[PDB]
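To keep things clear, I will list the structure first and then write my remarks on it.
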């Protein structure tokens, strides 16, 4: 609204702990290139070559671009995260505000000698938030493009594309869709204008932030013995023999609850070289689920315990655990020293080890002459009276995901992590309006393909409102908490962990989960 | 369809018995001889339905249910979804409810 | 509503002349058979045999039946009609009421020895009037089935069928329609019930009931001569010569208005045998208009003067004039003595004789050496500044017709006669509900085809409200009027004209038009 | 379409001339030398339409406009009624307004 000289907004970054709720606020700077020369392309990859038939897709490209702010480390700093996870046992989102301002548009002029960048005063950007969820929602796929961890750096908004249904060999069909984005109302921003937006989340259950100090197989008073009786075998004559379950053997007890379902996942030992087999194929050893005549990876799949206390060090599941990069990088095949590989030991109480494959069930019907025989099961799914714990929310992982709109869903939670939502925060799209190059003198009915090269930039702020649970636990001895144990670091090379290294990049040392507090089942 | 805890109740009907002429003297047994009869009448049913009308912004036109049959001889089959030659009513092809594309 | 003993209505027949408006009222008795055993058939006739390819049709039959009250002689009597057309110069409908009552249902029982008819007390008829014009409207086709002229006789309601679009050889196509009539709300009538209905017409122009005593070619003061000048030819040198139109020749005058358009119609002399050619073919000599690859008769077509004063007696157009029967009869090819053949002499002022073919127009462009040449035209259509008069409404002809619902129409009036209407009186349908015969003991999922034979009967009354114009004309000498000139009649044979003959039939002697009053252009 | 006595008026636009540097001394002739320029901007149009919704009691299903194209290669034509490979917008087939059967 206000003229060129006045500023349309000011920097705000703070986190204040008010009580049962906390408010985080942050501001960053972005840059928006002009994508595709203002053209919608179709895109496809047929399964004829390269990866294979399972990789086929079909969809469109768009000149528009969008903000993806969904990860935790956008809204917290390694210190403030620590402050959260040691004291507080749960968190859920409440509402959020988002504002973009101080837009300015610049124009590039190439002489082939050098490039010239001259600030254009009159030109606009188009921005709108989609309330009705009419566009395909591409957030929640854990793609790159999210805000940088560290507030100083400048990031580049990603292009917006989507995948529709496909026939064989990646061709369109009747059900296929095409979404013209200019058909949506928007708001044109010129320097001196600002875009404000408001949202409030639906009610969701607190994420459990406590590690658990008991197990299911021991829920019992170890000094006593049950009043239920159980069958210890048969006599040599065929009579039935009874036995009572005492403290001498605690595996006999009849028990009320059962552990989680599972699907056997192959195990792999990251640190210890001598455990793994030689030259296993990652693609052929992975659990898959097929759909529509083709089959895609199932990963991570339903959560399983990576390792249990007492197991060999470095034990882990194959593609069953999330993995992150020390710092944002485009490398396709990073080295092992550049990756943070999470492990789940906090759920080992309820959830079985992934590859254990212990469960046993009876495969035949006894009678005179035939002995009862049992066998292990490679997959064991849900039945009444089971309990399980969801995967943890890492500092580096996604905040939420959009529950697909379908007839039915079973205990919706994202298998990667976070809060499943019916209505998630809407997706905010932006583009910079086209400015045509000088037209010819005479009338040409064709459309105009020649444009002035330009890009935009500005600031964006995001304000989150979080709701936390503070607890009182009466255990006597001190709990474990998250602390920084690194011995020393040379500023000539790596700098401080969780701090800018020598070359100016920001590095995230080690992954951080939320369960450090022991709480009994 | 719709699973229901309490569905519409089940409505039962019968036509009361009319006994045939009894014997003169008292017989304690029950009476098995009846007058043959049947009943008839009309019944009406009034349903109230709740629907959702939508707004989808896709650009290109959706598929919809249309009648493509080329031609029909009234000497044999009559019009599809219409009474054929012999007076029977014929339902040509099955009809589902999902013709509108909506993204996941 | 009331019980069996009381009567549901009483007889009303009267005509009262109140003023500028008149009210007619009448009551008749009907009988409704059970059609088609309560079944919808399809019906078609392919053009392979018999008449030819032009006769093909496709449609459905229905158990329903309907009242057609549209003709004039239902609502008037030959006396009351006379009273109308001599005094009054115009009439239009205003509104109407219709009521049906005293229904009673009877059942036939055949022993093969004899038939037994026993009154059923409990059974109903279904009747509804269609407001929204959803059904095909089959009135206005001048089909039989209308109420009898004479109130004593009992008539039989016609079955209801309709014709949809057709492919080649009389087959259905995509656009074809099927109308289930039970899908309409109705009213069940049992003895002691009555059905009442109310309607009011749209505004329409009075029908002109006057014959015209002038002509177009003489609109002029015969004693004078015009101040306009006109070209009488050219000199021998090529100069132009002028002439003024005087009383000596009145065909020269420049004139403001022009007579009606026409299409040449073949002439035929009904009474005089010696005029007509031998063995002409009626089908091949008739004007036709083709549609949808086939061609149907155009008759009567736009009105033309049957004969003009001075022409030979018995002169008439071929299929250009309506024709009626002395009495209702089913004969396919009646004798000439049984038919009333109307003639149009009252319009001879504006409308040209049908077969005259007088008009002349110039076919070439003159110059030195070439003489101007002209030729007669066999068809001459509308141009600005024309006047014409519509066909007369006979006592025996239809009252109204429904203007088809289309983008455009030119001066809608029915070519047969009467009042064109956007919304005509709705069509009233009735059927007698089915009563099933004794079912089998065990359950059969099939539908039940076995019914009890029955028919219904009762009375129906119709009350019309008409609006008339009474006039004042100052001509001195007495006008012609409609009078009964028949010399004598033997009651042993024909009885009185317009009265029941020997055998009990009602006979309508001669056709009666509405234009007996002379009124100048 | 719709014939009109008074149609929507015709909206005209031009960009005013800016003269190039004049000579020093006075020249009574008019000035033919101008600065080359062009203009651009946005325009919006808001229409208000009046429609008729109907009730027809025919039993069997009507024909309606649906998209029957079997398949399309995004490498060439893209989706019908959608941008093809090269960025142009293509209108597949003509569309009239009469799909509803209604008796004369």
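Cβ: placed from backbone, ideal geometry, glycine included. Neighbour counts: every protein chain shown. Derivation of every value follows stated rules applied to the coordinates shown; laboratory data play no part.
In this structure, does residue D:44 turn out to be under 30 Å from residue A:62 (Cα atoms), within 14 Å of chain A (Cβ to nearest Cβ), loosely packed, with under 14 Cβ neighbours inside 10 Å and within 23 Å of the chain's Cα centre (by Cα)?
yes
Condition check ((1) surrounded by 14 or more Cβ atoms within 10 Å (Cβ to Cβ); (2) over 23 Å from residue A:378 (Cα atoms)) across all residues:
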site: A:209; (1), (2): yes, yes
site: A:227; (1), (2): no, yes
site: A:256; (1), (2): no, yes
site: A:263; (1), (2): yes, no
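Could you check the stretch A:21-135 for strands (runs of 3 or more DSSP E) lying wholly inside it with 2 or more residues that are surrounded by 15 or more Cβ atoms within 10 Å (Cβ to Cβ)?
So the answer is A:21-32, A:42-45, A:57-67, A:88-110, A:125-129.
Restrict the check to the stretch A:34-52 and report whether at least one residue is more than 14 Å from every other protein chain (Cβ to nearest Cβ), touching a residue at least 60 places away in the same chain (Cβ under 8 Å) and either more than 17 Å from residue A:125 (Cα to Cα) or under 27 Å from the mean Cα position of the chain (by Cα) (or both).
No.
Name the residues in the stretch C:297-329 that are loosely packed, with under 13 Cβ neighbours inside 10 Å and more than 18 Å from the chain's Cα centre (by Cα), would you?
Once the filter is applied, which keeps residues that are loosely packed, with under 13 Cβ neighbours inside 10 Å and more than 18 Å from the chain's Cα centre (by Cα), the stretch C:297-329 yields C:309, C:310, C:312, C:313.
Conditions (1) touching a residue at least 24 places away in the same chain (Cβ under 8 Å); (2) over 30 Å from the mean Cα position of the chain (by Cα), marked per residue:
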{"site": "A:174", "(1), (2)": "no, yes"}
{"site": "A:187", "(1), (2)": "yes, yes"}
{"site": "A:191", "(1), (2)": "yes, yes"}
{"site": "A:198", "(1), (2)": "yes, no"}
{"site": "A:208", "(1), (2)": "yes, no"}
{"site": "A:214", "(1), (2)": "yes, no"}
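Going residue by residue through the stretch A:441-452, is there one that turns out to be surrounded by 14 or more Cβ atoms within 10 Å (Cβ to Cβ) and away from chain D (no Cβ under 14 Å)?
no
Among the residues of the stretch A:267-276 satisfying the criterion of being touching a strand residue (DSSP E or B) at 6+ places or on another chain (Cβ under 7 Å) and part of a loop (DSSP other than H, G, I, E, B), which is surrounded by the most Cβ atoms within 10 Å (Cβ to Cβ)? Give the derivation first.
Applying the first criterion (touching a strand residue (DSSP E or B) at 6+ places or on another chain (Cβ under 7 Å)) to the stretch A:267-276 yields A:267-270, A:275-276.
Then keep just the ones that are part of a loop (DSSP other than H, G, I, E, B); that gives A:270, A:275-276.
On the way: A:270: 19, A:275: 13, A:276: 14.
It comes out as A:270.
So that you can scan it fast, the table gives a plain yes or no per residue for (1) over 19 Å from residue C:103 (Cβ atoms); (2) within 12 Å of chain B (Cβ to nearest Cβ):
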site	(1), (2)
C:163	yes, yes
C:167	yes, yes
C:171	yes, yes
C:175	yes, yes
C:178	yes, yes
C:183	yes, no
C:186	no, yes
C:193	no, no
C:199	yes, no
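Inside the stretch C:305-326, can you point out the residues that are over 18 Å from residue C:350 (Cα atoms) and assigned to a loop (DSSP other than H, G, I, E, B)?
Answer for the stretch C:305-326, where residues must be over 18 Å from residue C:350 (Cα atoms) and assigned to a loop (DSSP other than H, G, I, E, B): C:312, C:313, C:314, C:318, C:319, C:322, C:326.
Determine which member of the set D:61, D:23 is closer than 21 Å to residue B:101 by Cβ, in a loop (DSSP other than H, G, I, E, B) and away from chain A (no Cβ under 14 Å).
Going through D:61, D:23 in turn, just one is closer than 21 Å to residue B:101 by Cβ, in a loop (DSSP other than H, G, I, E, B) and away from chain A (no Cβ under 14 Å): D:61.
Looking at (1) in contact with a strand residue (DSSP E or B) (Cβ under 7 Å, 6 or more places away or on another chain); (2) surrounded by fewer than 14 Cβ atoms within 10 Å (Cβ to Cβ); (3) within 25 Å of residue C:54 (Cα to Cα), which is the one condition that is false for residue C:286?
For residue C:286, the exception is condition (2).
When the residues of the stretch D:66-104 are narrowed to those that are more than 30 Å from residue A:56 (Cα to Cα) and at the interface with another protein chain (Cβ under 7 Å from one of its Cβ atoms), which ends up surrounded by the most Cβ atoms within 10 Å (Cβ to Cβ)?
In this case the residue turns out to be D:103.
Does the stretch C:462-479 contain at least one residue that is surrounded by fewer than 18 Cβ atoms within 10 Å (Cβ to Cβ), away from chain B (no Cβ under 14 Å) and over 30 Å from residue C:82 (Cβ atoms)?
Scanning the stretch C:462-479 turns up no residue that is surrounded by fewer than 18 Cβ atoms within 10 Å (Cβ to Cβ), away from chain B (no Cβ under 14 Å) and over 30 Å from residue C:82 (Cβ atoms).
Would you mind telling me which numbered condition in (1) more than 22 Å from the chain's Cα centre (by Cα); (2) under 15 Å from residue C:265 (Cβ atoms) residue C:292 fails?
Looking at each condition in turn, residue C:292 falls short on (2).
Could you run through the stretch B:18-32 and say how many residues are exposed (fewer than 10 other Cβ atoms within 10 Å of the Cβ) and either over 35 Å from the mean Cα position of the chain (by Cα) or under 30 Å from residue C:183 (Cα atoms) (or both)? Spell out the reasoning first.
Step one: of the stretch B:18-32, the residues exposed (fewer than 10 other Cβ atoms within 10 Å of the Cβ) are B:18, B:21, B:23-30, B:32.
Next, from what is left, pick out any that are either over 35 Å from the mean Cα position of the chain (by Cα) or under 30 Å from residue C:183 (Cα atoms) (or both): B:21, B:23-30, B:32.
Residues flagged as exposed (fewer than 10 other Cβ atoms within 10 Å of the Cβ) and either over 35 Å from the mean Cα position of the chain (by Cα) or under 30 Å from residue C:183 (Cα atoms) (or both) within the stretch B:18-32 amount to 10.
Does the stretch C:108-115 contain at least one residue that is touching a strand residue (DSSP E or B) at 6+ places or on another chain (Cβ under 8 Å) and either closer than 27 Å to residue C:11 by Cα or within 14 Å of another protein chain (Cβ to nearest Cβ) (or both)?
no
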